[PDB]
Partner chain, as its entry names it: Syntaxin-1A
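First, one chain by itself in structure tokens, the form solved without the partner chain.
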């Protein structure tokens, strides 16, 4: 129950898998696809890429990013990323996933973001809990993107 703050924001959705291997402390995130993304270019679509941050206690510990897909609101990525998180800390971290529009000049604006892990709620918490309940198994799930203002207030 609960969560769902981004549902009516019409920013789009992201699908990714999570896998956690406790013995090795290996956390794997596969960015699969995004859909229904907000348009971010005047006269056009968006040039989306995805950023992943590992966080704890308001600090960005590690940063990864996908390749950029041009001129689409429904990008497919299928790009894998791994992090090292010891099992004693896996319930105390966040994985933050942000979709942005690449612009050749100017700060790249976020479309929206979500996080899973500590302090996550709703479908975000469910995905994380499913990952932890099933060591070694990747679990794929869709998530609704939420405005950065809101998500960042929860992460800070």
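C-alpha atoms forming the largest set that superposes within 1.5 Å between two forms make up the rigid core. Residue numbers count along the first chain shown, from 1.
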14-22 versus 136-144 - greater average Cα B-factor per the deposited record
136-144
The stretch whose C-alpha atoms carry the larger average B-factor in the entry, 83-91 or 24-32, is 83-91
Going by the CA temperature factor in the entry, name the top one among 110, 40, 125, 114.
40
Cα B factor band for residue 66 (lowest, middle or highest third within the chain)
lowest
For residue 153, return the chain-relative third of its C-alpha B-factor as stated in the PDB record: lowest, middle or highest.
middle
Place residue 50 in the lowest, middle or highest third of its chain's C-alpha B-factors, as listed in the PDB entry.
lowest
Using the B-factors in the PDB entry, rank residue 120's C-alpha atom against the chain and give the third, lowest, middle or highest.
lowest
By the entry's values, the third containing the CA B factor of residue 129 is the middle
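Another form, the form solved in complex with the partner chain, is not on view; read the next lines as being about it.
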Please pick, from 125, 52, 32, 27, the one residue with any non-hydrogen atom lying within 4.5 angstroms of the partner chain in the entry with it bound.
125
Judged by heavy atoms and a 4.5 Å cut-off, are 14, 36 and 142 together in contact with the partner chain in the entry with it bound?
no
Residue 121 near the partner chain in the entry with it bound, any heavy atom under 4.5 Å?
yes
Partner proximity in the entry with it bound: residue 129 to the partner chain, non-hydrogen atom cutoff 4.5 Å
yes
Given that the partner chain is not shown alongside this chain, does residue 91 nevertheless sit within 4.5 Å of it in the entry with it bound, heavy atom to heavy atom?
yes
Determine the residues of 141-156 with a heavy atom within 4.5 Å of the partner chain in the entry with it bound and present them in sequence order; the list may be empty.
none
Could you tell me whether the Cα atom of residue 59 shifts by at least 2 Å between the shown form and the other one after core superposition?
no
With both forms fit on the core, has residue 108 moved 2 Å or more by CA between the shown form and the other one?
yes
Having a change of 3 Å or more in the C-alpha distance between residue 105 and residue 35, I'd like to know whether it is closer or farther in the entry with it bound than in the form here.
closer
Comparing against this form, do residue 108 and residue 50 have their CA atoms pulled together or pushed apart in the entry with it bound? The difference is 3 Å or more.
farther
